[PDB]
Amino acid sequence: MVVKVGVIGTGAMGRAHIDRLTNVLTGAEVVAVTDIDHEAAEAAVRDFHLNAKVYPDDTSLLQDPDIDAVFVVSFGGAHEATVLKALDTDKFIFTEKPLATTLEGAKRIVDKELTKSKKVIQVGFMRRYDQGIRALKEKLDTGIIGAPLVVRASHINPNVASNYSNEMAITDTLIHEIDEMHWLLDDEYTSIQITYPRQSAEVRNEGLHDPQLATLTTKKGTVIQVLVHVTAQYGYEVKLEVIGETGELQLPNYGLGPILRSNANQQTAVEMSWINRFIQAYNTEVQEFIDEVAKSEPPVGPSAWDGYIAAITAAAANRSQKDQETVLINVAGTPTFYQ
């Protein structure tokens, strides 16, 4: 039997999740939608040929007793309240990142979900589902390179829109690494420091520093060095290297396109779209959520606790962006509810 889904927020990513649920993946149907732009909601039903109700708001959607799960894909600042409303129902909840735009909001969601008899929230950190990143983590966990001492990573994007701010370097971009590293390493963060190399001439946006260097430390002492470079021009690329006691692991060459020998060069195309880079991870992530719902079991993907960790770390990083000083992080031990 089919997992009946409501979607709250039918913009870009909302529509892409609808497409996933409707066209790409198995076992679900979108039967309700809402958007504060009623017209956007109506277009979704129309464009994807859904047999679905358009609700005027989130509150009314959430009272529909036939909806098994909700996807929250509205503006980030709007997640917190909506998630708290859905927690007054029994529905499963897939929220895109962030769990909340403040760490205070995140803690509320955590505290409330912790009052429930079982976990219902999955947060949209898709990196964990990417085949390559997953395969590296698995290899690391065999012990073949010993303990992880240093991690070096890059988050490379070709160009940004007019609306991209200095803070979004953290909240939209580094956030992926923020969720990824503690999971990768099975460790907790103790600090974050953002430093600014010389400013790129390619930056067109007021207040945006690019590139940015993020250094994180963990409780076991692993140091993580992330390069964030969002006006890099050449392509979209995610790089990851783990330095171990006895060896190293890194992500392979990405891409399926051919190797061209021509005009005194050998070359391969580089991905230009993060959308395309992570198509697989999005599919895998959402299919897993649906599969869990379908058997009336809690999600096994990133949780509200993960969302809270990310929120705390992002806020520490936003603080660090002001003065380039190291900010400490102390995250509480995970409630057993979240293991």
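Just count from 1 along the sequence shown to find any residue number.
Higher mean CA temperature factor between 29-37 and 296-304: 29-37, per the PDB entry. Comparing 18-26 with 326-334, the stretch with the higher mean C-alpha B-factor in the PDB entry is 326-334. Each of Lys219, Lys107, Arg204, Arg152 has a CA temperature factor in the record; the biggest one is found at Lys107. Highest CA B-factor among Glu271, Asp68, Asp57, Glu288, as stated in the entry: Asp57.
The PDB entry assigns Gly143 a C-alpha temperature factor belonging to the lowest third of its chain's modelled residues. In the deposited entry, the Cα temperature factor of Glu80 places it in the highest third of its chain's modelled residues.
Among the modelled residues of the chain, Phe278 sits in the middle third by CA temperature factor in this PDB entry. Sort the chain's modelled residues by C-alpha temperature factor and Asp111 lands in the highest third, per the entry. Among the modelled residues of the chain, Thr246 sits in the lowest third by CA temperature factor in this PDB entry.
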